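Those protein sequence lines, which keep their order, are chains E and D. Using full-length UniProt numbering, the first residue of the first sequence is number 1, and each one after it goes up by one. Using full-length UniProt numbering, the first residue of the second sequence is number 170, and each one after it goes up by one. C-beta: ideal position from N, C-alpha, C; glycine also. Beneath this line is the structure, given in structure tokens, with notes to follow.
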Amino acid sequence: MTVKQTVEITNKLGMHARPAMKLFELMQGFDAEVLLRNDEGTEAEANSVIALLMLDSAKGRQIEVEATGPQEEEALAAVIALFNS
Amino acid sequence: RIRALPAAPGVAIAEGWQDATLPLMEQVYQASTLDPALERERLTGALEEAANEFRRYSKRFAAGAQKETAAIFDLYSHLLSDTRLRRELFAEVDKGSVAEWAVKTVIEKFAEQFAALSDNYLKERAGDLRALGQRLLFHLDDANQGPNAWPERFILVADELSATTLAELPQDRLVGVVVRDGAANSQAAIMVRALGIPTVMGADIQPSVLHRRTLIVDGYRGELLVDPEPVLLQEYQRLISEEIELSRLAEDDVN
Numbered sequence: 001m002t003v004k005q006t007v008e009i010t011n012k013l014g015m016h017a018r019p020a021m022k023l024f025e026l027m028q029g030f031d032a033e034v035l036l037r038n039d040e041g042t043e044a045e046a047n048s049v050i051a052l053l054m055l056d057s058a059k060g061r062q063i064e065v066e067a068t069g070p071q072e073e074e075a076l077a078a079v080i081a082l083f084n085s
Numbered sequence: 170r171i172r173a174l175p176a177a178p179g180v181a182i183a184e185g186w187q188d189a190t191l192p193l194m195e196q197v198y199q200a201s202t203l204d205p206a207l208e209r210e211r212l213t214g215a216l217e218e219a220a221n222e223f224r225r226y227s228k229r230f231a232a233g234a235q236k237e238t239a240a241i242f243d244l245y246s247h248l249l250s251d252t253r254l255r256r257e258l259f260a261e262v263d264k265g266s267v268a269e270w271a272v273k274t275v276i277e278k279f280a281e282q283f284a285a286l287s288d289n290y291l292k293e294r295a296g297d298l299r300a301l302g303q304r305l306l307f308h309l310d311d312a313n314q315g316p317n318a319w320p321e322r323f324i325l326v327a328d329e330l331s332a333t334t335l336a337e338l339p340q341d342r343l344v345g346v347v348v349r350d351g352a353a354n355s356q357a358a359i360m361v362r363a364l365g366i367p368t369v370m371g372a373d374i375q376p377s378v379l380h381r382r383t384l385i386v387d388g389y390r391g392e393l394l395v396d397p398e399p400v401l402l403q404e405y406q407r408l409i410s411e412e413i414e415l416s417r418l419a420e421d422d423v424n
């Protein structure tokens, strides 16, 4: 099944924007689709630049990262690790 | 004799040259063309020439410039290459739109989407997008390209410091640049500053009377001289050679 995890954005989705950029590289290195979602219910598809811009406004908001696939854990873990600094 | 805000300490002397970057939106035309595939394929072929050109561009910067630059471009490089942008353009053609205009329209439509964002930390990206389209416009025609102009020495003169603009001209031939705005910590203002290249802003002068005139930029004093009396410049050299060539040297201003 799919694997997601709620992560609170303390006015910093991670390191500047590398996290979002790296995600694109991770999706290619790891088998699984990663999707981001804001508490507002806005699906910030990690495969869309427009979505990344919307997340930026999520400074202090809660989001729900979802990952599907065999390495979904890695992808999700990698994103969470980057978000946690 | 113009007082400009020094964004990056240092002094440099060279002529003033403006980038061949000029508005191409006024070239927007409406018409119907039969090239569904011809156009679609044309876009893909153009991307390979543009995408590869962009990836190679940043690659050169990372090898020298700074790491921030690569982070910025690298991010955009994947954008244009993103099957998302390509598919979008092809979508317009599916109706009978022309890449030339289609690509411009698609980029224009996105410009509004990028702005909609409030977070300037990235929203500003819009400005970068516009530059990306300009590159595609030229790449869309193998009849237009080339370094655009690789001189021996000179400075960039733009109303606002645009990282994309610099990523177009060679730094080797580019030392400093004076803008009339590009204030704050703009992506191009933060990258250039960290690069250690003289930069000044607040210039309330037009590039029209700059063509290739002589302009001495002084990041240290963020001042801009204009073919001033050669005599004054002579003393300047002796002023620094004096001793206190650090602070601001005993000069006028508030005595």
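Residue 271 of chain D has no beta-bridge partner at all, per DSSP. Cα atoms of residue 4 of chain E and residue 191 of chain D: separation of roughly 47 Å, rounded to the nearest angstrom.
The Cβ of residue 54 of chain E sits closer than 9 Å to at least one Cβ of chain D. Rounded to whole angstroms, the separation of the alpha carbons of residue 393 of chain D and residue 176 of chain D is 13 Å. Contact between the stretch 305-312 of chain D and the stretch 328-344 of chain D is not established, with fewer than three Cβ pairs separated by less than 8 Å. A straight line joining the alpha-carbon of residue 19 of chain E with that of residue 401 of chain D spans about 53 Å. For the stretch 10-21 of chain E, the residues whose beta carbon sits under 7 Å from a beta carbon of chain D are, in order, 17, 18, 21. Residue 173 of chain D sits away from residue 344 of chain D, with the two beta carbons spaced by 9 Å or more. Taking a contact as a CB-CB distance under 8 Å, the pair residue 364 of chain D and residue 235 of chain D counts as one, their CB atoms being some 6 Å apart. With the criterion set as a beta carbon lying under 8 Å from some beta carbon of chain D, the members of the stretch 43-73 of chain E are 47, 48, 49, 50, 52, 53, 54, 56, 57, 59, in sequence order. Shown in chain order are the members of the stretch 257-288 of chain D whose Cβ falls below 7 Å from a Cβ of chain E: 282, 283, 286, 287, 288.
Counting the other CB atoms within 10 Å of its CB gives residue 267 of chain D a total of 16 or more, which places it among the buried residues.
By the rule that beta-carbons nearer than 9 Å mark a contact, residue 247 of chain D touches chain E. Under the Cβ distance rule, residue 251 of chain D counts among the residues neighbouring chain E, one pair being separated by less than 9 Å. For the pair of segments examined, the stretch 347-360 of chain D was found not to touch the stretch 68-82 of chain E: the number of CB pairs separated by less than 8 Å stays below three. Put simply, the backbone Cα of residue 319 of chain D is about 7 Å away from that of residue 339 of chain D.
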